[PDB]
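Student:
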Amino acid sequence: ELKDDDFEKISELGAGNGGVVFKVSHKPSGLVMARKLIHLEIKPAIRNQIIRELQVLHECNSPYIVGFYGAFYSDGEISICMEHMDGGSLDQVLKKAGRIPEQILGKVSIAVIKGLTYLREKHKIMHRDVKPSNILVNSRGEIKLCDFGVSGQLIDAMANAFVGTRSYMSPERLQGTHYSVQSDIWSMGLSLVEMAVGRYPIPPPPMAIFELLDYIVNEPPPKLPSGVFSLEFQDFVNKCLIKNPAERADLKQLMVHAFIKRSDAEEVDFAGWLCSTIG
Amino acid sequence: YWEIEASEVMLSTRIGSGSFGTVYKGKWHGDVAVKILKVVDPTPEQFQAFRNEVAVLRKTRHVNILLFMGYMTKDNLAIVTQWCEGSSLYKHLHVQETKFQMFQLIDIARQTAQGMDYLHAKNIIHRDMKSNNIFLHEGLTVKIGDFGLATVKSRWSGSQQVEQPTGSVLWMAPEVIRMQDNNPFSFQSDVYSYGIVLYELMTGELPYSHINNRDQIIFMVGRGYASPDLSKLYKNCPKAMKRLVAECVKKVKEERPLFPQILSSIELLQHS
Ligand SMILES: Nc1ncnc2c1ncn2[C@@H]1O[C@H](COP(=O)(O)OP(=O)(O)OP(O)(O)=S)[C@@H](O)[C@H]1O
Ligand SMILES: Nc1ncnc2c1ncn2[C@@H]1O[C@H](COP(=O)(O)OP(=O)(O)OP(O)(O)=S)[C@@H](O)[C@H]1O
Ligand SMILES: O=C(NOCCO)c1ccc2cncn2c1Nc1ccc(I)cc1F
Ligand SMILES: [Mg+2]
Ligand SMILES: [Mg+2]
């Protein structure tokens with residue numbers, strides 16, 4: 062198993078509203094892994110249930126899902142030990158470079174679709190948190206998904222949270238109606254738009310969190326700026342950003358989409374571009 | 341007076357973090373609580389506003405509110421307050437599931453109302469009012485902490501307070517969730533947060549247990565589609581207590597009672 066005393070924090074990878082992630086060294090094994098600290102005050106039974114539900118992540122093995130070593134509760138905090146991703150997350154890459162190039166995004170979207178279909182097919186798990194900060198990259202060019210809803214009790218416990226700044230939630234989830242992987246596809250589409258353009262697209266070229314939620318429930322979905330992107334990419338994001346879940350394209354339609362096939366055929370030096378833009 | 345010399349204070353084991361700072365246990369002139377504020381580079385305007393709030397909070401002295409000793413600018417930016425050995429109200433209700441009798445619950449409600457009435461009489465809007473910021477000192481005496489501090493809880497766009505909401509959304513009043521006004525924090529928002537605390541006391545559970553997403557909660561509370569359902573209240577809860585909690589969580593801001601009215605209602609309750 063894993064214990065708090067076995068880790069020596071090297072640096073702070075980053076922090077979110079829920080918690081903070083530390084790049085740590087596992088002394089017994091000597092390998093650098095990422096340790097996410099999620100602070101929450103919950104009952105001991107809820108803690109045990111969250112740990113048990115997170116134990117499913119041991120068989121969540123995919124080239125598009127970040128690795129998992131273990132999870133434990135130390136002191137008022139849930140700690141999940143996942144594989145360290147040198148590239149960080151796509152939010153960091155967006156902070157580095159003005160806008161992600163379209164071909165790299167094609168590669169990212171292929172990775173996101175493959176990870177979502179892996180979770181759905183072999184675990185019946187919805188990501189629920191497809192954000193640029195929840196897609197992690199490697200110095201070797203891998204693209205992987207993290208922070209997906211494996212534990213329902215953890216989701217319930219994190220419902221009691223502090224207010225946020227932005228959101229990538231589909232309108233059907235905000236309105237509270239039935240939601241499926243179409244919600245994750247809407248989130249992917251919003252993330253791809255936010256990474257293709259140099260900004261969060263909810264307020265089309307600040308606004309509080311409720312104003313953003315109201316906009317993405319009661320206003321047309323955002324679209325890529327025409328004239329500087331290929332028609333296939335625009336069509337892909339438009340099919341992902343459809344307010345009605347039924348009209349919205351599912352994973353099967355996205356895979357055979359013209360943009361996905363174009364990007365798969367294209368050869369892009371993702372690792373080299375990542376190293377150039379992040380140093 | 342004014343700032344505290346950091347050499348005098350000693351930081352003991354860290355306790356935890358919250359919406360705007362991380363709490364450390366201190367030992368300055370006895371046991372104190374030190375919160376290192378998340379603000380890295382406080383603007384001179386922001387720092388001066390924080391020092392004015394610090395003076396105002398220092399002046400306060402009520403049995404049901406924790407003392408605000410002062411601040412220190414050496415250990416980054418930090419605020420020193422009274423340390424409470426007793427557990428928080430949130431831990432009692434939810435984490436520890438403390439079995440309170442009905443009269444103990446009414447007493448906690450009354451003492452919280454007493455402290456909040458003192459704060460509002462001083463023109464202090466205890467934003468971020470919740471079960472986390474209530475401590476049951478000496479077993480049952482209520483202690484309200486983490487009040488005011490709007491200049492530090494809110495990030496600052498330089499000389500401009502971001503003027504956006506912060507803190508837990510389960511207790512947040514709808515009008516300040518929407519942020520339709522630059523100044524949505526008032527006595528009535530504190531009364532709504534107090535009503536959510538009353539709901540926790542009279543149910544033993546957090547509101548909106550059927551919603552497991554924070555953004556869904558934000559949207560549905562701001563749009564008026566979600567309210568804490570009062571069928572969850574205990575059957576032995578007195579009917580006028582139910583009326584008070586209903587009146588405190590009213591969606592309309594002006595419909596919510598002020599804290600003298602809440603105190604009068606609870607005093608009527610205790611005498612039955
Ligand atoms: N395995 C990891 N390897 C490297 N960096 C990571 C890893 N996991 C998380 N991070 C970083 O830690 C940051 C904090 O992420 P989270 O704690 O999940 O919250 P978040 O991604 O910021 O999303 P929210 O909405 O703010 S909670 C991310 O933005 C990443 O940059
Ligand atoms: N004066 C205090 N005495 C004892 N424990 C305290 C005190 N103030 C805060 N704490 C504890 O410190 C931890 C974090 O508290 P805070 O930083 O104030 O966050 P919070 O009170 O949960 O919410 P906010 O909105 O940030 S004030 C919790 O475990 C509190 O119980
Ligand atoms: O971390 C989470 N959210 O953080 C960003 C906003 O969602 C998160 C949220 C919900 C959840 C349910 N079960 C685990 N959950 C998470 N943890 C997590 C899970 C798998 C991996 I691999 C890595 C992780 F960090
Ligand atoms: Mg994350
Ligand atoms: Mg507190």
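Listed in order, the protein sequences are those of chains B and A.
Numbered per the authors' numbering, the first sequence spans residues 62 to 266, 307 to 380.
To convert, take the position in the second sequence, counting from 1, and add 340; that gives the authors' numbering.
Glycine residues also receive a C-beta, built at the ideal position from the N, C-alpha and C atoms.
Counting contacts by CB-CB distance shorter than 9 Å, is residue 239(B) in contact with chain A?
Tutor: no
Student: What separation, rounded to the nearest whole angstrom, lies between the Cα atoms of residue 602(A) and residue 315(B)?
Tutor: 34 Å
Student: Could you tell me which residues DSSP pairs with residue 75(B) in its beta bridges?
Tutor: 82(B)
Student: Using only the alpha-carbon positions, how far apart do residue 452(A) and residue 403(A) sit?
Tutor: Cα to Cα, the separation comes out at about 10 Å.
Student: From this set, 104(B), 194(B) and 190(B), which residue's C-alpha is nearest residue 74(B)'s C-alpha?
Tutor: 194(B)
Student: May I have the straight-line CA-CA distance separating residue 68(B) from residue 576(A), to the nearest angstrom?
Tutor: 50 Å
Student: Rounded to the nearest angstrom, how far is the Cβ of residue 514(A) from that of residue 539(A), given a contact under 8 Å?
Tutor: The distance from the Cβ of residue 514(A) to that of residue 539(A) is about 15 Å, inconsistent with a contact at the 8 Å cut-off.
Student: Whole angstroms are fine: how far does the CA of residue 505(A) sit from the CA of residue 224(B)?
Tutor: 7 Å
Student: When you compare the stretch 193 to 210 of chain B with the stretch 125 to 132 of chain B, are there three or more beta-carbon pairs, one atom per stretch, that lie closer than 8 Å?
Tutor: yes
Student: By Cβ distance, which residues of its chain are closer than 8 Å to residue 464(A), with the 5 residues on each side in sequence left out?
Tutor: 396, 397, 400, 487 and 488
Student: Quick check: what's the CA-CA separation for residue 163(B) versus residue 257(B)?
Tutor: 7 Å
Student: Excluding the five sequence neighbours on either side, which residues of its own chain have a C-beta within less than 8 Å of the C-beta of residue 476(A), listed in chain order?
Tutor: Cβ within range, chain order: 426, 427, 428, 429, 432, 448, 482 and 483.
Student: Taking CB distances under 9 Å as the criterion, tell me whether residue 355(B) reaches chain A.
Tutor: So, not an interface residue.
Student: Would you check if the distance between the CB atom of residue 393(A) and the CB atom of residue 543(A) is smaller than 9 Å?
Tutor: no
Student: Nearest CA to the CA of residue 530(A): which residue from 557(A), 460(A) and 502(A)?
Tutor: Scanning 557(A), 460(A) and 502(A) for the CA closest to the CA of residue 530(A) turns up 460(A).
Student: Which same chain residues, not among the five before or five after residue 326(A), have their C-beta less than 6 Å away from its C-beta?
Tutor: Since the first and last residues shown for chain A are 341 and 612, residue 326(A) lies out of range.
Student: Determine which residues share a DSSP beta bridge with residue 131(B) and list them.
Tutor: 142(B)
Student: Tell me which residues of the stretch 98 to 118 of chain B have at least one Cβ-Cβ distance to chain A shorter than 8 Å, keeping chain order.
Tutor: 100, 102, 103 and 104
Student: Say the cut is 8 Å; is the CB of residue 464(A) nearer than that to a heavy atom of ligand 2?
Tutor: With a threshold of 8 Å, the Cβ atom of residue 464(A) does not count as near ligand 2, since no heavy atom of the ligand is closer than that.
Student: Let me know the secondary structure DSSP gives residue 409(A) once reduced to three states.
Tutor: strand
Student: Could you check what DSSP says for residue 364(A) in three-state terms: helix, strand or coil?
Tutor: strand
Student: Since residue 373(A) is in the beta strand (DSSP E), which residue starts that stretch and which ends it?
Tutor: 372 to 377
Student: Run down chain B in chain order and give the residues with a C-beta less than 7 Å from the C-beta of residue 465(A).
Tutor: Within chain B, no residue comes near residue 465(A); the closest Cβ sits about 17 Å away, beyond 7 Å.
Student: Helix, strand or coil: how does DSSP classify residue 173(B) here?
Tutor: helix
Student: With distances taken from each beta carbon to the nearest heavy atom of ligand 5, which residues come in below 6 Å, in chain order?
Tutor: 358(A), 472(A), 473(A), 485(A) and 486(A)
Student: Return no unless some Cβ of chain A is closer than 9 Å to the Cβ of residue 135(B).
Tutor: no
Student: Are the Cβ atoms of residue 420(A) and residue 366(A) separated by less than 9 Å?
Tutor: yes
Student: From residue 212(B) to residue 118(B), what distance separates their C-alpha atoms?
Tutor: 9 Å
Student: Residues of the stretch 579 to 595 of chain A with a CB closer than 8 Å to any CB of chain B: list them in chain order, please.
Tutor: Those residues of the stretch 579 to 595 of chain A that come within reach of chain B (Cβ to Cβ, closer than 8 Å) do not exist; the list is empty.
Student: Quick one: which chain A residues come within Cβ less than 9 Å of residue 217(B)?
Tutor: 549 and 552
Student: When you compare only the Cα positions, how much space is there between residue 503(A) and residue 587(A)?
Tutor: 28 Å
Student: In terms of DSSP beta bridges, what is residue 99(B) paired with?
Tutor: 80(B) and 139(B)
Student: Please tell me whether, using a cut-off of 8 Å, the distance from the CB of residue 142(B) to the nearest non-hydrogen atom of ligand 4 is below it.
Tutor: Between ligand 4 and the CB of residue 142(B), the shortest heavy atom gap is not smaller than 8 Å.
Student: To which residues of the same chain is residue 343(B) closer than 6 Å at the C-beta, ignoring the five residues directly before and after it?
Tutor: 349
Student: Following the continuous beta strand (DSSP E) through residue 418(A), name the residue where it begins and the one where it ends.
Tutor: 418 to 422
Student: Which class does residue 239(B) belong to by DSSP, given the choice of helix, strand or coil?
Tutor: coil
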